[PDB]
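> Experimental structure and sequence below.
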Amino acid sequence: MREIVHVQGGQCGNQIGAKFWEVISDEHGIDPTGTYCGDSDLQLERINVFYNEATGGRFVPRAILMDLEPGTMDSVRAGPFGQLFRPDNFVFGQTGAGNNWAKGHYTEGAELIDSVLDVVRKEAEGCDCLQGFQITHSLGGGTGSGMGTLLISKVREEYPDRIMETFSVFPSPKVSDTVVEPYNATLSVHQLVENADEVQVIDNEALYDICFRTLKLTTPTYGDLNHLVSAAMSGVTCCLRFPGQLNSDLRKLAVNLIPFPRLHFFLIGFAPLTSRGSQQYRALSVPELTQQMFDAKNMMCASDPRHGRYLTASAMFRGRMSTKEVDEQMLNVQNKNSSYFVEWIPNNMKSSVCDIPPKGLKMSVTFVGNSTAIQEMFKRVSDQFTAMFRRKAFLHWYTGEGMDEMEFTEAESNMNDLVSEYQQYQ
Amino acid sequence: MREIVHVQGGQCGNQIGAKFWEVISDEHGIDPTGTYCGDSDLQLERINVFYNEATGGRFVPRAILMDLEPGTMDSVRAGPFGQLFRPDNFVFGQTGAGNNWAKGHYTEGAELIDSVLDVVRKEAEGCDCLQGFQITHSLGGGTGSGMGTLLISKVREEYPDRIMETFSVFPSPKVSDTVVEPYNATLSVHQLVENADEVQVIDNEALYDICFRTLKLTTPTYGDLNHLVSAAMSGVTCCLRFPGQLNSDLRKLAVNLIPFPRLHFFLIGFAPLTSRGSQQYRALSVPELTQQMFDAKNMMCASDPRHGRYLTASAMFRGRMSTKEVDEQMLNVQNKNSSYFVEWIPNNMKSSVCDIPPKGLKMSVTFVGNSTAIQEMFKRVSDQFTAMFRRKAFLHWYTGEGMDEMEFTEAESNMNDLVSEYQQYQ
Amino acid sequence: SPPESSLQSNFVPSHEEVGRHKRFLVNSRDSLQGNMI
Amino acid sequence: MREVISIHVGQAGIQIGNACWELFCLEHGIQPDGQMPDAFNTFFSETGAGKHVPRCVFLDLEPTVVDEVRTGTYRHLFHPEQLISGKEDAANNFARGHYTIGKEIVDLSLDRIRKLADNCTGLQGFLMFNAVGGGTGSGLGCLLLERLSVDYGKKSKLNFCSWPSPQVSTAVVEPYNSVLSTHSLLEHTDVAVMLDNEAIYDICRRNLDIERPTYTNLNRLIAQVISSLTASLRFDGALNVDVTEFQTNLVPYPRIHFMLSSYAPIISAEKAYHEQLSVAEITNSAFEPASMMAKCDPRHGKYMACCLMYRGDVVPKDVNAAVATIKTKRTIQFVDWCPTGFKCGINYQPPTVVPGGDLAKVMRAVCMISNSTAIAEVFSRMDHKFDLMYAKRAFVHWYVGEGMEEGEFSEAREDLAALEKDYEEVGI
Amino acid sequence: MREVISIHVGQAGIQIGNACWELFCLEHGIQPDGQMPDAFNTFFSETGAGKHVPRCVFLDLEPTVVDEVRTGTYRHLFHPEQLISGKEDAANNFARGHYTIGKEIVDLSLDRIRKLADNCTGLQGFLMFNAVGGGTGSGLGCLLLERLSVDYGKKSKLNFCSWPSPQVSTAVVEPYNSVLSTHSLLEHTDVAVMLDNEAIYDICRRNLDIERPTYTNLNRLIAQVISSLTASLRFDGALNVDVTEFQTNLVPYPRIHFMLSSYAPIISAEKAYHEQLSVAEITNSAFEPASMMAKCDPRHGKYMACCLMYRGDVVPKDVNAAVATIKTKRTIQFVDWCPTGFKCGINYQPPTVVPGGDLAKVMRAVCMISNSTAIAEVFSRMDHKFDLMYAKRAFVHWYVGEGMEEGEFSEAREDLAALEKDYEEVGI
Ligand SMILES: Nc1nc2c(ncn2[C@@H]2O[C@H](COP(=O)(O)OP(=O)(O)OP(=O)(O)O)[C@@H](O)[C@H]2O)c(=O)[nH]1
Ligand SMILES: Nc1nc2c(ncn2[C@@H]2O[C@H](COP(=O)(O)OP(=O)(O)OP(=O)(O)O)[C@@H](O)[C@H]2O)c(=O)[nH]1
Ligand SMILES: Nc1nc2c(ncn2[C@@H]2O[C@H](COP(=O)(O)OP(=O)(O)O)[C@@H](O)[C@H]2O)c(=O)[nH]1
Ligand SMILES: Nc1nc2c(ncn2[C@@H]2O[C@H](COP(=O)(O)OP(=O)(O)O)[C@@H](O)[C@H]2O)c(=O)[nH]1
Ligand SMILES: [Mg+2]
Ligand SMILES: [Mg+2]
Ligand SMILES: [Mg+2]
């Protein structure tokens, strides 16, 4: 009865959500030809959230593939699980957005946005009531930051009631690429503060941090760290997709995690995770998932939760478990670690229980929390932005294609006051 | 129930404790794959004092391997019973401790102690309450002494009410490997009085001496010594894990063996000991267990205890035996041996019966005494320390990483204060 | 062909490492409360 | 659709364009006659029975080195109008090539560039290769860029020059050709890369061990720079860096568009399979201040942006560690308004062995194109030589005879002088 | 992780290292081409497919020995630029090898140290080999110790140099060169061990019964010392001694680190069969003033620290028995401020014999490295040599004409004089 429409923009966005449709497929028994194998009532009764029928029995994903190049959307199509998406929902664009935010937002992305908005209006409005939109993009390039936020602006005015959950990938600046990361990041943040209900902040360095000091991988590749993101994307909408003892919804997360509308930037994480020679050494109980869901490194953003306070927090447990432990462990972290938890909200925790655990595992859990330590991400991009800005850095591309100087100062204002608003509640 | 964390540091601590986890596996029925091969619940009912359930049924030992060199602790994994240990309880670190106390306690132990407090915290806090800790380490070296001393001061302020039972090996006067052993010993002793509840001195002269005069060996080796220590190590703990006529937890050892808080340096002896000449040719009833534990060439220190008094003394017995024979034979000890016992407190002997004998024996005994003869261990190491420190021997190393000249003078003055306290009761 | 991903469907990584070891040639004795064979 | 048009003017441009058009042709596998026995679309059309024809325009005024193309092995691969020649040469004379003998071959060049650009479904850029220091490369080449900018605007004009080397130049009148060709290279050029010949000699004599290299061996390493720069145009990888990506991350201000090259997995047999060539090793040698391909040592300069293009079996996390260890090294310093100063690209296609060549099998490569204040010295070096020669008006009677006044010399020294001034004000 | 970069400088350093790498390749199982058919990590690298290039830097000013390795049986073992060599030698002159021609080769010396230490992770120590009684051994031996100290701090710099002999020195300027070496190996060498040729000459004559040994027949015993001392760094042992162990138990004061070495059993095939090789007798044959690899009997001084490296099938009980019978035997002395003084590192792996060499296949061996106050004699016999020669200013015009200033002979003599006055100060 409720549908999530996934729109993926950018090279980062298309590759992450290709893993997302791969993990949703085997959570739902979908073969990469559309056929469904394996017999279970629960794996199809709520598949309308992510798949539609095709009068051939083919379950087709709600994917609105987008990038301003015939590049990674060719590799997504040619790879495994690439025949699922409609060839119609593959809007190409041939001019190219070269890591420039104004390219996707103003001067090349404005002539293809009228087609991807037509596609998403054909595919999302043609039902009784859609639950919301799920947008996957990186705010580091030109396509995800530029075209992604342009569609975000147009969707929030056409549907100013639905939930837009955005798994944004902020530029992690300690080790990174492209020299225009602070320009593309800050020029998108001052839009995501208004017209975006939820923004889950993801940094690549934290994905390497899990891949090095939790999974003990040899060579963490882009596919492995896109798999960890798709774990969190599937885990948040678990109750929307399967029955449970304590069901939830994306609006239940929104109303229990947003004290004020501007503060909606969440730290995400997901860990019943373990190394290769330790799953047969490590147990599995609610306290053990709890202690690896607050700790330091399970966060997929490079922001230490100890360097701040939790305004509010939520926990999406999955699988067969006792309802006493899922309540008592959130109490136990609340009263033991009280410094990293605000007081003007008492009892800052939501728990919610799915009954169907993910494939292979016995129980999993995903964190989404509104920690005020997210100020150190906007500060770590602002101090790079003002460094370039004082001597008028790589800018004649941005100004030459139709941006005045006031847009950049307005970018600094709405992101400096975001840090200041997080200061008042820390 | 109760639990014990087995901290072990250095080449001595890792190799001796690996032998301990060998013996406690053979005594609990743990096969060298993680399973249970025996068939009796009198073994398994208290595996939750040294092990943790790990989903599949595998009993992972509750040990914290720690070494500031990827050397012999990699060789622990190679040998048998070496895959039971959990691989992220392995605290690695490349660096390389030269035999040096301030490398272990000031420069290189500091970047590595933050990981091992994390591992101790994840295990100890996972339960409700534990009976205490158990540390095996070497005073002579650098990584076992200097780092093991800093951990037992960190976990003292973290949990200032659980026991600090330290199976420590003291440097030997005749058997002298490592040149800077008296320095690292003296810098370790003066904090070991103020941050360890129980210290058990295990000198390697007596571990050799047991082998070739009572065990009648031909090639005494290091694995032979580590078994002799480990039989004592189970011989102090079996009243916890196994039932008995008169049970005795380790805090009952603490209060009955420590008349005054600074003096807690003990001597151990495990003596149903024999050879191949007389393994058939030897009665193994009660009165000669007490004859062999109260025998000079039996204690695990070169600290000949006829040259001193026996302020307190426990003897935790094992095996099928009667409560009158233990009481009247140790009353016989207090009667005939009267000059070598102390006189201002009565009944300086503690009874406790552990009704399960060790594997292969029908009864055994483990004697832990607080003899004032331990002050001649502190007289020989102080003799070697003053012989070096008069002419400032080997100090340019120790002052290099920021440990002052004065830190040696409170090290010697505090260790002289232990000599005087052990002297005034004699 | 893109590089292979090393992570299973249950989010446990697939193919293991080997530690860069240290010449596991040792010697073995016995005195295990019985004194040498 | 990705399509770059190469325009090789001058004798040196023809020869470096030769070594380039085989990393383009038979690296894609096409035979000498022009048959593979659509990655070729970056550099080639297709005319029926598997005939891919190079997207090149060869320009020269002496019909002797382009005639070697018409008579060599590869005469049936080029179309016989893509090898445009003349009757008489330009003779290191910028005014002859630009004002007198240039305006009879430029009308043929713009016809062939027209027929090769209306056969385009989106032109990425004009990769024009020339030799600053000669007559038709500094002359006709300058007029070609002025005509191409007026007609074919808003799409890039990446130029790799052959700027006159400091000591070795094999001419005497090259300061007049270099300083007066600066105007085209400063305004009518979107990306300019300084690429002299001494630094290629030094790379060949130190890493590659060929102690007697010829121009043919110099054209080798120039070509390997070009193939790695357009590697992501044609082949897949983790991250792609097309020619629009290239100019937008390496050009801080519109006037400053001058860069340096280094392609340093330079190994050869005995120095090839002995050395473990990891990602850290090749990145350190790329930033090493002797493999710069301009004699343009950056130890006295400030780095601005870098364009490390890893190519082969390179893992992205190994790129991440290699960037980090360059940043922590102190002598590799960066200007303060640039915390993020690298644009990492990764190709999957490995570099290619050379039979009878100089390099060997290497599984990974780096080609970083970097802008720095250190490039202000390659113009101040030739400021000394122009000032000495123009003092008593040597060689001026040539340049004035065929149609430029002597004030062209003074305004081009003014264009050079306003050029270095903009570097130290940016750096400080 | 554990790894030792070995820098050989000087002609004696080259042939010593040639015996060292002959033993290292044989023991670890690397062919002369660099192919096996973590123990290779301590001395070799790891190239593409099963290749192990030595982490060695051969450095010399004469070319006649370095190129002979390049044209010798181990040509393809080495990557062919860690064997750097100049065009002219140092002419048995410290001034020439340190001030004039060593400057144009030290830049290539440290550049190869950079590339050999960038791939390494956790370098344990620079093991330097030279002859201080020569030209380039003394000269570049100083110049590398200054340059490595100012760039690479912390990390240990061992130096197994060869001191001039008392009697057979094969030079006439041999006291000038290694007086000027004293400024180098005092405040810049971490640990220095004396290995002079006339002592291994007497060991070969007495123990191996080789009446007429060559330099090779000494260098193979030298390689046995390097194999035994870095043995715990590569093979598993009962007690582990690494370089950080080797300096913290054995170097009392910062300015007393001069050492002697002793090996046992150096016994040939015809004798080892007719004799027991046991832990006890290899120790008393080690603490004997004819197996010292310096003519310096310990009875004329007092020991301060000892570093017995037992290596083989040694049980640790008999090691303590050997230490006990050495704590007896009043012939051997020990200083009063060190009641201890025996660091015994035990390995398991038996020695590797070279086929066609001169040692039998032994099962156990010990390598003393000892510090004593008797080692002041090693310099004190030399004090007569320098005074008798500097008196009427002989051989001076080479040094002062080269570029080394006059007067440096005096404070190099005063630094050496303060070295003896430190040794009888600590021995009282
Ligand atoms: N890379 C490369 N450079 C060359 C080659 N031949 C000449 N040069 C360089 O070109 C410079 C001289 O300019 P030319 O290229 O000969 O001049 P041109 O472009 O042929 O124009 P004209 O002088 O009119 O013939 C010399 O300084 C050389 O360094 C070559 O084959 N390869
Ligand atoms: N152990 C050993 N010592 C050597 C060898 N060759 C020479 N020596 C000693 O080195 C001393 C002189 O130093 P050399 O190594 O010969 O000369 P150098 O250090 O290369 O300096 P130059 O005079 O410039 O050649 C002689 O007195 C020899 O005793 C050798 O092969 N092995
Ligand atoms: N997690 C992830 N990040 C990526 C991927 N591809 C690129 N990125 C990151 O995204 C940034 C580049 O932006 P990108 O989305 O690729 O450019 P766009 O296509 O113009 O939007 C770089 O900092 C990369 O680290 C991917 O497949 N997965
Ligand atoms: N009981 C026992 N003693 C040992 C063992 N290994 C070394 N020792 C003794 O302890 C001393 C060396 O201490 P060491 O392990 O090197 O200390 P570390 O450097 O801090 O690890 C030597 O005198 C040995 O006699 C062992 O496995 N068991
Ligand atoms: Mg009781
Ligand atoms: Mg020409
Ligand atoms: Mg020489």
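Structure received. Numbering: from 1, shown residues only, chains lettered A, B, ... in the order given. Ligands and ions are numbered 1, 2, ... in the order given.
> Please list the residues of chain C that sit near chain B.
Taking Cβ under 8 Å from any Cβ of the partner chain as the contact definition, chain C meets chain B at C:19, C:21-22, C:24, C:26, C:28-29, C:31-36. C-beta coordinates here come from the backbone N, C-alpha and C atoms, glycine included.
> now, the most widely separated pair of those residues?
C:19 and C:35 (34.7 Å; Cβ to Cβ).
> The two: which has the busier surroundings?
residue C:35 (20 against 13; other Cβ atoms under 10 Å in any protein chain shown).
> Not counting its neighbours along the chain, what's nearest that one?
Computed as Cβ to Cβ, 6 or more residues apart in numbering or on different chains, the closest residue to residue C:35 that is not its neighbour in sequence is residue B:215, at 4.8 Å.
> residues contacting residue A:224?
Residue A:224 makes contact with A:211, A:215, A:217, C:5, C:6, C:7, C:13 under the criterion Cβ atoms under 8 Å, 6 or more residues apart in numbering or on different chains.
> what helix or strand does residue A:350 sit in?
strand A:349-353 (DSSP states H and E).
> by contact count, what packs against that strand?
helix A:250-255, strand A:310-318, helix A:323-336 (3 or more Cβ pairs under 8 Å, 6 or more residues apart in numbering or on different chains; DSSP states H and E).
> In terms of helices and strands, where is residue D:405?
Per DSSP H and E, there is no helix or strand for residue D:405.
> so how many other residues sit close to it?
Neighbours around residue D:405, by other Cβ under 10 Å: 11.
> State the distance from it to chain B.
72 Å (Cβ to the nearest Cβ, to the nearest Å).
> Now for the residue nearest to the spatial centre of chain A: which residues touch it?
By Cα atoms, centre = their mean, chain A has its centre lying nearest to residue A:167, at 1.7 Å. By Cβ under 8 Å, 6+ apart, residue A:167 lies in contact with A:16, A:134, A:135, A:136, A:137, A:200, A:202, A:229, A:232, A:233, A:268.
> Contacts for the helix or strand the second one falls within next, please.
Under DSSP H and E, the secondary-structure element containing residue A:134 is strand A:132-138. The list of residues contacting strand A:132-138 from outside it, by Cβ under 8 Å, 6+ apart, reads A:4-13, A:16-17, A:20, A:120, A:124, A:143-145, A:148, A:151-152, A:155, A:159, A:162-171, A:197, A:233, A:237, A:250.
> so where do the helices sit in chain A?
A:10-27, A:72-78, A:101-102, A:113-124, A:148-158, A:181-192, A:204-213, A:222-236, A:250-255, A:286-291, A:323-336, A:375-389, A:396-400, A:406-423 (DSSP state H).
> Quick one: closest of the ones you listed to residue E:209.
Nearest to residue E:209, of the helices of chain A and by Cβ to Cβ, is helix A:204-213 at 59.4 Å.
> where does that closest one sit relative to the chain's centre, distance-wise?
Centre-to-centre, helix A:204-213 and its host chain are 16 Å apart (Cα atoms, centre = their mean, to the nearest Å).
> again with stretch D:133-148
15 Å.
> Can you tell me the closest non-neighbouring residue to the residue of the stretch 151-300 of chain D found nearest ligand 6?
Going by Cβ to the ion, ligand 6 is nearest to residue D:177 of the stretch 151-300 of chain D, at 10.6 Å. Nearest residue to residue D:177, sequence neighbours excluded (Cβ to Cβ, 6+ apart): residue D:138, at 4.2 Å.
> where's the residue of chain C found nearest chain A relative to residue A:72, distance?
Residue nearest to chain A within chain C (Cβ to the nearest Cβ): residue C:10, separated by 2.5 Å. Separation of residue C:10 from residue A:72 (Cβ to Cβ, to the nearest Å): 27 Å.
> out of the two, which sits in the more crowded spot?
Legend: neighbour count by other Cβ under 10 Å for residue C:10 and residue A:72, higher for residue A:72 (22 against 15).
> For chain A, what lies in contact range of ligand 3?
With Cβ under 6 Å from any ligand atom as the criterion, chain A meets ligand 3 at residues A:10-12, A:15-16, A:67, A:97, A:99, A:138, A:140-144, A:169, A:171, A:176-178, A:204, A:222, A:225-226.
> and those residues, which are buried?
The neighbour-count criterion (16 or more other Cβ atoms under 10 Å in any protein chain shown) marks A:10-12, A:15-16, A:67, A:97, A:99, A:138, A:140-144, A:169, A:171, A:176-178, A:204, A:222, A:225-226 among the residues of chain A next to ligand 3 as buried.
> That's all I had, so thanks and see you.
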